[PDB]
Amino acid sequence: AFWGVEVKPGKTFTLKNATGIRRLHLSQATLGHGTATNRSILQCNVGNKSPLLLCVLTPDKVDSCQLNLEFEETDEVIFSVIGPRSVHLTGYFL
Amino acid sequence: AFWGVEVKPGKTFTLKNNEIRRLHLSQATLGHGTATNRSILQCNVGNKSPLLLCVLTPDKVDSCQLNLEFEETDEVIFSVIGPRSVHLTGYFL
Amino acid sequence: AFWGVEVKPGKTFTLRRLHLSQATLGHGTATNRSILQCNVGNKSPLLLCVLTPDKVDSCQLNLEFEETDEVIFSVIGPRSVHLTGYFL
Amino acid sequence: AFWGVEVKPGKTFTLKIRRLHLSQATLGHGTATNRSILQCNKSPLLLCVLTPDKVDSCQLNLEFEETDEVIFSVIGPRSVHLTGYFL
Amino acid sequence: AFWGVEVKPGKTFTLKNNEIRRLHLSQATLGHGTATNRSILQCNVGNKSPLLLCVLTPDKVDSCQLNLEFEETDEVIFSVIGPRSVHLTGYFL
């Protein structure tokens, strides 16, 4: 059931499917290790639709936060991180 | 299925349930900008008196959980009062 | 499904299963805190949350009610509290 | 469905009705500035810490049954209002 | 239903399913101590690379919601990096 991935500052995670589609519950975003003080923003693109901000993590202030989103899509979902430090996404499949 | 929209400052998003789904609103995140004044997320199902959903303060409370649910015949109008947009995210069912 | 009410400082609201999701501090310039209180019948009052202006302006509750008994929400403090949630 | 109890700074609460969902802990009335800790009982586990004028309430979202040990205690100067609902 | 364990600093707790239940991890609370450095909750499944679950900072963020669920064939290794323990609480099913 458990699911998780570290999305890195220049890299992107894509969630695709393979005729069946699983439903993923994204629960938590946690700031990764680093010394940089600038914030990291978690961003999401479904297809070509404009990107949506999921959360903002500020080192030593808001180091992790709840998301509780759910994904069961026919289009690929692209998570990206803008900022100096990676974001650990954790959750579970339904 | 995933759902989301960026509500710009001083603008309105309208949720229609015409052609019928139940939306779970999960998260509100402050958008990009340099302004330090707060943004308030507002909701009105009807021309009714608006109810406050949450307050986002730059560099203090940049996002917050909502966990509201909508399944209405009337339109639902979300609005943002403040200098920076609010990204609403959630999911159907 | 959506449900909500603004409980004014000097006022009480009286209430199948309602999921109370969110409490948000209302407009005003007062800096004193507001406390959300709940009286279910002759029972002693229980505190649901505390909102402090410019510090804790809203918070999750995630409570549920379906009560043959009358539920009375009240706010002690200078500013109103917007309660939001949903049925079922 | 609604459920709640004020656990006083020096008193223990036990559950004695359905599958209980503990949702919220709120600091009770008082002027004391010292922290209050909510504890559960076997070595006891901390559920949350509430600090006056800093963290006055917080989410829990745990599930209990009377079949369980279920011994809640509060260590600190101010009581803790536990609120939630039965399943 | 209730479940919980204190993961001591630098130590490991193992969630083992065999003989199979679904555990809902709800809450992480910082344990007793005077150290001001942060504690990080970490999760491994088998020999894969560890994922960060949450960060607890003394006197700032002393506890936080997790709402993770586990129902795996392999052991789950929780670990704490930092000076103070982390009390994990949750429930089965």
# chains A, B, ... in the order shown; residues from 1 in each chain; ligands from 1
$ calpha_fit_rmsd --fixed "chain E" --moving "chain B"
0.4 Å
$ interface_residues --of "chain A" --to "chain E" --cutoff "10 Å" --atoms "only C-alpha atoms" --output "ChimeraX atom specification"
/A:1-6,25-33,60-68,87-94
$ closest_residue --among "D:84, D:21, D:71, D:45" --to "residue 7 (chain D)" --atoms "only C-alpha atoms"
D:71
$ closest_residue --among "C:67, C:60, C:72, C:36" --to "chain E" --atoms "only C-alpha atoms"
C:60
$ closest_atom_pairs --of "chain D" --to "chain E" --cutoff "12 Å" --atoms "only C-alpha atoms" --output "tab-separated table"
residue	atom	partner	partner_atom	distance
D:18	CA	E:1	CA	11.9
D:19	CA	E:1	CA	8.7
D:20	CA	E:1	CA	9.8
D:21	CA	E:91	CA	10.2
D:22	CA	E:90	CA	10.7
D:23	CA	E:26	CA	10.6
D:24	CA	E:65	CA	11.6
D:34	CA	E:59	CA	11.9
D:35	CA	E:59	CA	10.0
D:37	CA	E:29	CA	10.4
D:38	CA	E:29	CA	10.4
D:39	CA	E:87	CA	10.5
D:40	CA	E:4	CA	9.5
D:41	CA	E:4	CA	10.0
D:42	CA	E:5	CA	10.3
D:43	CA	E:6	CA	9.1
D:44	CA	E:6	CA	9.0
D:45	CA	E:87	CA	6.3
D:46	CA	E:87	CA	6.2
D:47	CA	E:29	CA	6.3
D:48	CA	E:29	CA	5.9
D:49	CA	E:62	CA	6.9
D:50	CA	E:62	CA	8.9
D:51	CA	E:59	CA	8.5
D:52	CA	E:59	CA	11.6
D:54	CA	E:60	CA	8.6
D:55	CA	E:60	CA	8.9
D:57	CA	E:63	CA	11.4
D:58	CA	E:64	CA	8.7
D:59	CA	E:65	CA	7.3
D:60	CA	E:27	CA	6.6
D:61	CA	E:26	CA	6.4
D:62	CA	E:90	CA	5.6
D:63	CA	E:91	CA	5.9
D:64	CA	E:2	CA	5.5
D:65	CA	E:1	CA	6.6
D:66	CA	E:1	CA	9.7
D:67	CA	E:1	CA	8.6
D:68	CA	E:2	CA	7.2
D:69	CA	E:2	CA	8.9
D:70	CA	E:2	CA	8.6
D:71	CA	E:2	CA	11.7
$ residues_around --residues "residue 40 (chain C)" --least-positions-apart "2" --cutoff "8 Å" --atoms "only C-alpha atoms" --output "MDAnalysis selection string"
chainID C and resid 38 42:45 69:72
$ write_last_selection --atoms "N, CA and C atoms" --output "mmCIF file, in the first residue's frame"
data_model
loop_
_atom_site.group_PDB
_atom_site.id
_atom_site.type_symbol
_atom_site.label_atom_id
_atom_site.label_comp_id
_atom_site.auth_asym_id
_atom_site.auth_seq_id
_atom_site.Cartn_x
_atom_site.Cartn_y
_atom_site.Cartn_z
ATOM 1 N N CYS C 38 -18.881 24.390 22.577
ATOM 2 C CA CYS C 38 -19.950 23.499 22.149
ATOM 3 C C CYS C 38 -20.659 22.939 23.369
ATOM 4 N N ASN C 42 -27.713 19.414 28.453
ATOM 5 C CA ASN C 42 -27.390 19.931 29.796
ATOM 6 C C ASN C 42 -25.917 19.688 30.077
ATOM 7 N N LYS C 43 -25.207 19.027 29.167
ATOM 8 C CA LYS C 43 -23.791 18.643 29.414
ATOM 9 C C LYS C 43 -22.891 19.866 29.556
ATOM 10 N N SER C 44 -21.756 19.686 30.214
ATOM 11 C CA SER C 44 -20.813 20.799 30.447
ATOM 12 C C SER C 44 -20.216 21.230 29.121
ATOM 13 N N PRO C 45 -19.829 22.502 28.937
ATOM 14 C CA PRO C 45 -19.349 22.910 27.610
ATOM 15 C C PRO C 45 -17.937 22.424 27.324
ATOM 16 N N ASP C 69 -30.120 15.256 20.261
ATOM 17 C CA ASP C 69 -30.015 16.398 21.205
ATOM 18 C C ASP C 69 -29.616 17.676 20.463
ATOM 19 N N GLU C 70 -29.952 18.832 21.024
ATOM 20 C CA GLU C 70 -29.648 20.130 20.376
ATOM 21 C C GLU C 70 -28.167 20.481 20.595
ATOM 22 N N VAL C 71 -27.424 20.782 19.518
ATOM 23 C CA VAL C 71 -26.031 21.186 19.670
ATOM 24 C C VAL C 71 -25.949 22.701 19.557
ATOM 25 N N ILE C 72 -25.396 23.343 20.583
ATOM 26 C CA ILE C 72 -25.292 24.797 20.645
ATOM 27 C C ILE C 72 -23.821 25.182 20.527
#
$ select_by_dssp --residues "chain A" --states "strand (DSSP E or B)" --output "PyMOL selection string"
chain A and resi 2-7+12-15+24-31+40-46+52-58+62+64-71+77-82+87-93
